[PDB]
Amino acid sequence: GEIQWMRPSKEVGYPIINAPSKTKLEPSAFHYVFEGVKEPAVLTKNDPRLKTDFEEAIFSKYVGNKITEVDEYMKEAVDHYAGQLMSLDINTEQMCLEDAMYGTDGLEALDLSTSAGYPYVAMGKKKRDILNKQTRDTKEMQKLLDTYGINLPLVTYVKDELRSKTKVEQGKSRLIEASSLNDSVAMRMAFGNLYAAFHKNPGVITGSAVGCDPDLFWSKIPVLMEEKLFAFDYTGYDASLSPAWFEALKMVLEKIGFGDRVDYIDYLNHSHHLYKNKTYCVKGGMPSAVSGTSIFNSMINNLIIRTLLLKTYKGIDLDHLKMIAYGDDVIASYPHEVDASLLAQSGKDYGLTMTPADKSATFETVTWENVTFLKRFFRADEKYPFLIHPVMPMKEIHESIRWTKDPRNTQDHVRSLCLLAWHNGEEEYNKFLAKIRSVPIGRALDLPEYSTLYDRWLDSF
């Protein structure tokens, strides 16, 4: 990805956009009951904590575009991936406006809380004024589509979340690149069935895990993997994507029956952005908050890994490449050991910056003992080995519980954490519950005991 140009929005016919400048995050009732070193990310150029130019920092993710066209290895990757997907017998029909708006089997309704994007954000019109979850009205939406059309600029906000002291000091805040309600609706109508098919088929066929439920899915994953696992981390995945990778994606879509609407992918590739009083154009890079962001990054990941394996290990059997992606995150396998360090090398020629799995200093062998997916480990249950526990380290949960965005969501927030934590064992979970109950706020919460969560789990299969 690379920003072609940036200038005052007025100069190109656009209004100034208001992006919140004050974090809604602040110390929670457990701020001092648990350890933590994370704080709210920088949201404005004036934040006292900054140690470098903010603007420069948030846009530096666009490391440029390495490759220009789709080479021979990429084409092979496309054919193989498209071939697998073809077996899912995905419905290629467009999705009706109603379902694209309010949902259907395999596709959740549009999120009413998230932004309505441009121009609604500048007209003050919110999403709650356009759709009725119970009326399932599409009349208001239809007029809006006919009025403002599609391919609208993407509204950019800085994401309000916790970050390391380092990332805070270097202005490394992540950005929300929200598509207009019009594009989301249009794109969900164009790819709605593709999304549903993926959400319903997390595994090694779609090579995707978007829409999965870690509590149940973790027991299916091992069975799907080949003998030797391999993995690695990406540095600025989304932003590093070159235009060729988007073209590769269109070929897959074309081969599986969506050639009809590959133009929507162009909208992702060559994108239009609004930030504050500036507007900029990007060539390459996947927008962060577009309908399909997660699924398309995953499809592209499948193309990337297949390509690197073909470039590096000629004669490799992609039919025995068993991988599952979730955006840039990925867990993969092959009957034979492969060199991640080597793959990382080939990766640089494709505009991808790959590093050791889980922040290691060197490329070590990936095993069931140390592999993580979605920041979760894999641990067979002591009583029933065939049931696999998705284990997220307590550190993350601790960091999270020390802050709050709305005292009215304390019950949910803390309950969410409990569903993640208990997998660390009864001893750990109880220590967690006791610390929570060492202050008034925690003692008033309704939290599940270990026995309850363990039984709920066994009963969910």
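For every residue, the number given is its place in the sequence shown, counted from 1.
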Mean C-alpha B-factor comparison - 338-346 and 232-240, higher one | 338-346
Averaging only over Cα atoms, indicate whether 368-376 or 253-261 has the higher B-factor in the PDB entry.
-> 253-261
Max C-alpha B-factor within the set 147, 307, 219, 355 falls on 147
Would you mind finding, among 196, 205, 82, 168, the residue with the largest C-alpha temperature factor in the entry?
-> 168
Ordered by C-alpha B-factor within the chain, which third holds residue 64? Give me lowest, middle or highest, please.
-> middle
Residue 403 - Cα temperature factor, lowest/middle/highest third of chain = lowest
Entry-reported C-alpha B-factor of residue 395 relative to its chain, by third, is middle
Assert third(CA B-factor, residue 317) within chain per record equals lowest
Within this chain, which third does the Cα B-factor at residue 103 fall in: lowest, middle or highest?
-> highest
